[PDB]
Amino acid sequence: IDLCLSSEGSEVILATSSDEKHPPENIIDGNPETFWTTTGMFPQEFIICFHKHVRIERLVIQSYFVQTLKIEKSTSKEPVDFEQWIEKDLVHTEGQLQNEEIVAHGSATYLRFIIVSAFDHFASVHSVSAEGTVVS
C-alpha cells in the first residue's frame, strides 16, 4: 500500500512466477485477499518499481508460507545495482496470514523482494506496503 500502490504509479516487474490466477500486480492492489504465488523452486523474487524516487520510513508485508525474506534496494534509473537492505526470518502461524512491519529508512527507485525459502512447497505475497515521501 501507500508508495507501493499501483494506483500511485508503482508497478511489479520481473517476477519469477507468473500464474494467471495469481499475477504479480496482486502484490500492490490494496486488496488483502488477492495475492501473487510462487510456482517453481527457490529463490523466487519480484521487483517493485516506483517510477520515481522515494524515501521509505516503513515497510509492511502481508504473506503466507514465507520463511526467509530478503529485501534489497536500488536508487538507479534501471533495476540494477541493488544492495542488501533487510534479511528477515518470518514465522508461520497456523490458519493465519503473516503480517510483518519493518521500520527502516532508505531511498529507492526499486525494491527487490526475494523469497529465499518457504515453509512449504510454495509461498505467497498478499501485499507489500511502503510508507514515506516522494522525492523530486
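Numbers for residues come from their place in the sequence shown, where the first is 1.
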Mean Cα B factor from the PDB record: higher for 61-69, or higher for 100-108? 100-108
Averaging CA B factors per stretch from the PDB record, which one is higher: 16-24 or 120-128? 16-24
In terms of CA temperature factor as recorded, identify the highest of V80, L90, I56, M41. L90
Just the C-alpha B-factor column, please: which of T34, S74, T37, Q84 has the biggest number? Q84
Using the B-factors in the PDB entry, rank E45's C-alpha atom against the chain and give the third, lowest, middle or highest. lowest
